[PDB]
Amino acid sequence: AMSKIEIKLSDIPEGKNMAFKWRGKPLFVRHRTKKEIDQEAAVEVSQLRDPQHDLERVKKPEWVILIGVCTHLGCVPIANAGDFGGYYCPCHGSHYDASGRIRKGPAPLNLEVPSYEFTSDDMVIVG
């Protein structure tokens, strides 16, 4: 079983972005704090290059799950870097927020949100 990955949530503490390998690429499972959740909720969406509310990019507010591949040219976004406390792609300087939305730099789109579901309070199944 490699098409779907099952991740134990209790292993990822608040504030941590945990990376896994899925379908040959990085997969990020990040436990967000109340502060991060509220900050993403405060974003004025009409000004975004790729407009989406934070709540249509996550199922549970305290968890953001993203494909760790920069939408510009494919490099790997670095967690807790950049001007928006989200991610930073060093290849050409794209800055993403904690929702994975593109906020500064050349990338054209928000980081991809894969298909996933929570099977219980402790597990999330991606794919």
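Residue positions are given as counts along the sequence shown, with the first one as 1.
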item: Stretch with the greater mean C-alpha B-factor as recorded in the entry, comparing 47-55 against 78-86; value: 78-86
item: Comparing 111-119 with 7-15, the one whose average Cα B-factor in the PDB entry is higher; value: 7-15
item: Residue with maximal Cα B-factor (values as given in the PDB entry) among 92, 31, 101, 35; value: 35
item: Residue, from 27, 41, 73, 64, that the PDB entry assigns the highest Cα B-factor; value: 73
